[PDB]
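Worksheet for the structure shown next.
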Amino acid sequence: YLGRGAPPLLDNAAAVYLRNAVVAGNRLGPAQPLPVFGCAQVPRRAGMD
Amino acid sequence: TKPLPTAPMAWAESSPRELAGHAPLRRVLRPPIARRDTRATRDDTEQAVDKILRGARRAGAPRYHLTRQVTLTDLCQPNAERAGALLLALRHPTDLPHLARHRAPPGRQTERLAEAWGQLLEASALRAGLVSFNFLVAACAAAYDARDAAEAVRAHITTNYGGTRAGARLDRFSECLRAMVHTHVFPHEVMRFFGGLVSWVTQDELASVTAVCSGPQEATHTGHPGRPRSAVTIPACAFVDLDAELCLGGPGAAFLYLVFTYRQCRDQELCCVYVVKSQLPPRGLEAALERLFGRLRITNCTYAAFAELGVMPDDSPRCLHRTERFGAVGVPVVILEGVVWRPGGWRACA
Amino acid sequence: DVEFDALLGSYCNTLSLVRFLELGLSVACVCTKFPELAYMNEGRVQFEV
Amino acid sequence: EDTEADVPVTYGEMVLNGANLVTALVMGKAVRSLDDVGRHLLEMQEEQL
């Protein structure tokens, strides 16, 4: 879902259901939805080890 | 070094008038006020130390302002193009899918520019960078009146620029610019002038382009002491006089101008860049733009947009019309001579 | 304007010339040369033990 | 084996002075040391092989 430009499946409430069922609380997946031009970003980890 | 042409040879030293001030001030007198009433090298490097000493005793030459900017080489190339070409700087591109959504007239595609830019980062892969002028002609080559040299600028860029399928950028970056006309964010709101080439440093994917943001052209420290000389080269699709088209053959300083033209039709939109040499002031310029570019005004409520570029301070300005070889393709190239760069701001004409 | 091109240096080898008798492997040869051999058919050597 | 070494001091040099100059101005090319190659294309057109 960081990636962009794949055809979404047809029912929106079905597609917007997966994207929420995955990106939610993912260590990686986006914070703000895709900018139509640039790239999505990765949440900043409070600290690394 | 003490020649015997000493009528003008002393005046080439900058003189004897340096003592004009130095005599009654420094040579005389006690005033401020008095009272009333080991075989070859060294001397090889040793004269190099003396060359520092010959440069240290004293500190005509007009001033410059050189600028350098580290530039990714996707859309532009300082490599294929020699010293003495125009360059154009940009802004950041993720503002393009934002400003097109609110500046469009009602009844157009605001999601057109948002997709057209991502197809250029996905075509130049097969960030306020730079676009060179010669690259921009081949993109807008399909809108000109002299189309033969427009097909000659495109004839070398696909073969000489660093990258694979530069013609796929040329067909996509022009598709970006044809989307700029539709989505009403005009390309003069993006393109910023960057000075003429003097030198450039190459690396993987980025280049350190040096240019003159202000000043004369012909005497810059080009870097090569064998050739510290460069002239300004423009392809002949863009160079439009207004001395011949207005029958002004009277001598005087000519002004250089960058001009955009716009054409808004339903999915048939065009882009053209022109460099305009005129003897007209900027206050008396738009009346000439009304005369030549009224066909695009009737069919469209702006029609053109221009900015200042520089001044040829000659009493008779000097042009050339040659065919230079950039790589292996001869392009009809207009060469301007004795050009002094001074930029300026843009203009709207609704 | 003045510019020029250059050659800097030129480099050869020298073939090594090997005399065979230099080698310690010369021990294994008893070498006697016939000025005429190709005339000769089978030669032979005799032993008595 | 050993602590201190013996090292050359000065660099080397190449200067266009001599016949190797005139070419660069007129011809537009300069061989490294022409004053020998150019010379040894004369005697070696006579003396030895």
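Here's how to read the names in the structure tokens: chain A, B, ... by the order shown, residue numbers from 1 in each chain, ligand numbers from 1 in the order shown.
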Region 31-41 of chain A: which residues within 8 Å, counting only C-alpha atoms, same-chain residues fewer than 3 positions away excluded, as a list in words?
->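 So the residues in contact are residues 2, 3 and 4 of chain A; 93, 94, 96, 97, 114, 115, 117 and 118 of chain B.
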Could you save those same residues with C-alpha atoms as a compact mmCIF listing (two decimals), in the first residue's frame?
```txt
# COMPACT_ATOMS: atom_id res chain seq x y z
CA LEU A 2 3.06 2.20 0.11
CA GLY A 3 3.16 1.41 -3.58
CA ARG A 4 0.86 3.16 -5.98
CA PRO B 93 6.80 19.10 -8.37
CA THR B 94 4.40 17.79 -5.69
CA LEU B 96 1.64 20.41 -9.21
CA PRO B 97 -1.08 17.90 -8.11
CA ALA B 114 -1.71 14.64 -10.84
CA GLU B 115 -1.21 11.56 -13.04
CA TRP B 117 3.79 13.98 -13.50
CA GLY B 118 4.08 10.49 -12.01
```
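Interface residues on chain C toward chain B (cut-off 9 Å, only C-alpha atoms): residues 1, 2 and 3 of chain C.
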Under the rule of at most 6 Å, produce a per-residue listing of chain D near chain C: chain, number, name, the closest pair of atoms, and the distance in Å, as a Markdown table, using only C-alpha atoms.
```
| residue | atom | partner | partner_atom | distance |
| --- | --- | --- | --- | --- |
| D:24 | CA | C:4 | CA | 5.6 |
| D:28 | CA | C:4 | CA | 4.7 |
| D:29 | CA | C:5 | CA | 4.8 |
| D:30 | CA | C:6 | CA | 4.8 |
| D:31 | CA | C:7 | CA | 4.8 |
| D:32 | CA | C:8 | CA | 4.9 |
```
How about saving the chosen residues, N, CA, C and O atoms kept, as a short mmCIF file (atom, residue, chain, number, x, y, z; two decimals), in the first residue's frame?
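This is the output file selection38.cif:
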```
data_model
loop_
_atom_site.label_atom_id
_atom_site.label_comp_id
_atom_site.auth_asym_id
_atom_site.auth_seq_id
_atom_site.Cartn_x
_atom_site.Cartn_y
_atom_site.Cartn_z
N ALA D 24 52.63 22.01 -31.43
CA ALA D 24 51.40 22.27 -30.69
C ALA D 24 50.74 23.56 -31.15
O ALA D 24 49.51 23.66 -31.16
N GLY D 28 49.19 21.39 -33.93
CA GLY D 28 48.19 21.13 -32.93
C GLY D 28 48.35 19.82 -32.20
O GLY D 28 47.37 19.33 -31.64
N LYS D 29 49.55 19.24 -32.20
CA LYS D 29 49.79 17.98 -31.50
C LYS D 29 51.19 18.01 -30.91
O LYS D 29 52.09 18.67 -31.43
N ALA D 30 51.38 17.29 -29.81
CA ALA D 30 52.69 17.24 -29.18
C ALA D 30 52.98 15.83 -28.69
O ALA D 30 52.26 15.30 -27.85
N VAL D 31 54.05 15.22 -29.22
CA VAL D 31 54.55 13.97 -28.67
C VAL D 31 55.43 14.25 -27.47
O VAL D 31 56.01 15.33 -27.34
N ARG D 32 55.52 13.27 -26.55
CA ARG D 32 56.13 13.54 -25.25
C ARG D 32 57.53 14.08 -25.37
O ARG D 32 57.79 15.25 -25.05
#
```
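CA of residue 84 (chain B) is found 18.4 Å from CA of residue 70 (chain B).
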Quick one: contact table of chain B to chain D, 9 Å max, nearest atom pair and distance in Å to one decimal per residue, counting only C-alpha atoms, chain and number order, as CSV?
```
residue,atom,partner,partner_atom,distance
B:38,CA,D:10,CA,7.8
B:40,CA,D:13,CA,7.6
B:41,CA,D:13,CA,7.4
```
Please run DSSP on the backbone and report, as a PyMOL selection string, all residues within chain D that come out as alpha helix (DSSP H).
-> chain D and resi 19-25+34-40
Residue contacts of region 149-153 of chain B (8 Å, only C-alpha atoms) excluding same-chain residues fewer than 3 positions away, as a VMD selection string | chain B and resid 134 to 135 137 to 138 141 to 142 144 146 156 to 157 235 to 237 329 to 332
Spatial neighbours of region 17-19 of chain D, max dist 9 Å, only C-alpha atoms, sep filter under 3 positions, as a list in words |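 Within the cut-off, the hits are residues 14, 22, 23, 34, 35 and 38 of chain D.
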Measure the distance from CA of residue 42 (chain A) to CA of residue 24 (chain A) in Å and round it to one decimal.
-> 12.9 Å
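One finds CA of residue 285 (chain B) at 27.8 Å from CA of residue 174 (chain B).
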So, counting only C-alpha atoms, which residue among B:274, B:37, B:253, B:61 is closest to residue 13 (chain B)?
-> B:61
What lies within 10 Å of region 25-27 of chain A using only C-alpha atoms, ignoring chain neighbours under 4 positions off, as a list in words?
->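 Skipping anything fewer than 4 positions along the chain leaves residues 20, 21, 31, 42, 43, 44 and 45 of chain A.
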N, CA and C atoms of the current selection, written as an mmCIF file, in the first residue's frame:
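Everything below was put into result_21.cif:
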```
data_model
loop_
_atom_site.group_PDB
_atom_site.id
_atom_site.type_symbol
_atom_site.label_atom_id
_atom_site.label_comp_id
_atom_site.auth_asym_id
_atom_site.auth_seq_id
_atom_site.Cartn_x
_atom_site.Cartn_y
_atom_site.Cartn_z
ATOM 1 N N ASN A 20 -7.618 -0.435 5.152
ATOM 2 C CA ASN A 20 -7.655 -0.182 6.576
ATOM 3 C C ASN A 20 -7.314 -1.406 7.390
ATOM 4 N N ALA A 21 -7.693 -2.593 6.941
ATOM 5 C CA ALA A 21 -7.397 -3.802 7.688
ATOM 6 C C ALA A 21 -5.941 -4.200 7.635
ATOM 7 N N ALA A 31 1.192 6.819 6.737
ATOM 8 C CA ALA A 31 0.465 7.636 7.698
ATOM 9 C C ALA A 31 -0.583 8.496 7.004
ATOM 10 N N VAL A 42 6.973 7.028 5.614
ATOM 11 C CA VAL A 42 7.010 5.972 6.621
ATOM 12 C C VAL A 42 7.002 6.620 7.999
ATOM 13 N N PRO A 43 6.080 6.251 8.885
ATOM 14 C CA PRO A 43 6.044 6.862 10.215
ATOM 15 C C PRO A 43 7.406 6.847 10.879
ATOM 16 N N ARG A 44 7.692 7.908 11.628
ATOM 17 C CA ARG A 44 8.981 8.017 12.291
ATOM 18 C C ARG A 44 8.975 7.268 13.614
ATOM 19 N N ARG A 45 9.870 6.296 13.741
ATOM 20 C CA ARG A 45 10.022 5.562 14.983
ATOM 21 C C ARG A 45 10.568 6.469 16.074
#
```
